[PDB]
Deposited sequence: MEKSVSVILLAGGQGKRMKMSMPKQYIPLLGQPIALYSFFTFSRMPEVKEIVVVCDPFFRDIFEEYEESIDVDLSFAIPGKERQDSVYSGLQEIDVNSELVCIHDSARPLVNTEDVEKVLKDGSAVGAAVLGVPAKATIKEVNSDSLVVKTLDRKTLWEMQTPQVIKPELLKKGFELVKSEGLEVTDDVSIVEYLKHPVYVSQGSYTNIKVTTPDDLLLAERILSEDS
């Protein structure tokens, strides 16, 4: 389990993931969280060359190998680029959106374990809002059961062979990728939802930055 995990850290005015929270660019919070975990062998940072120095500065202080990959056009392209740089025998890849700086170590632990066990897992929390499918006539698609919808977060943790098979399938068949689990949806392999924390927010808007400071205290 030690040094078995490769992290792909998605990090591609300043883009939101480089703005500081308490003086430290957002992307560094999750970077340091992962670096400290004995399970994590390497972090492949997917970022524009311009920002490489933000991470390279801490290279000799961290207990992981630091690598880079070039971002792609869409998120899944950035995932793929990162994937080409991971260690040839990492048992798991841990993909994380750098705009989620508050991910707790204990939650990363949990999703790593679940991904190892199941093959694929993702941190999720129950959706608090009422959420429904709406059809092409703008009508609610009704359901009769208390139904339980979950909001996916990151990390998304997967055996690299499984992820590679997913990309192979989507490219070979020309399949649509429209949300953050579309690739694994095309496979028959199960995907576990590890229960996360509502504090694991994504910083998308400058109002988020204030919520993120509020949480850090």
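In sequence order, the gaps in C-alpha coverage of the deposited chain fall at 13 to 20, 226 to 228.
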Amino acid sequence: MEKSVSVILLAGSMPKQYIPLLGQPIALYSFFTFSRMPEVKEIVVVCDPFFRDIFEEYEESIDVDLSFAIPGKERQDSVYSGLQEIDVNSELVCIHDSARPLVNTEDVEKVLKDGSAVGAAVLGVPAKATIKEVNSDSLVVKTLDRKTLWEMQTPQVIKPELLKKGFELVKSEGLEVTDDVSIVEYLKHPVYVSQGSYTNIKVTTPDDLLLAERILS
From here on, numbers count along this sequence of modelled residues.
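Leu21, modelled here, also has coordinates in every other compared entry of this protein that models residues flanking it, well short of the third needed to call it frequently missing.
Residue-level annotation: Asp145 lacks coordinates in a third or more of the other entries compared, counting only those that model residues on either side of it. Stretches 124 to 132 and 141 to 149 differ in mean CA B factor, with 141 to 149 having the higher one. Per-stretch averaging of Cα B factors for 113 to 121 and 71 to 79 places 71 to 79 on top. Between the residues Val193, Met14, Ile201, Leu9, the entry's highest C-alpha temperature factor is the one at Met14.
Per the PDB entry, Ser172 shows the highest C-alpha temperature factor of the residues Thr154, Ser182, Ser172, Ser30.
Among the modelled residues of the chain, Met37 sits in the lowest third by CA temperature factor in this PDB entry.
Ranked by Cα temperature factor within the chain, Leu163 sits in the lowest third according to the deposited record. Among the modelled residues of its chain, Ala99 has a C-alpha B-factor that falls in the middle third according to the deposited record. In the PDB entry, a CA B factor belonging to the lowest third of its chain's modelled residues is recorded for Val108. Ranked against the other modelled residues of its chain, the C-alpha B-factor of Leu92 as given in the entry falls in the lowest third.
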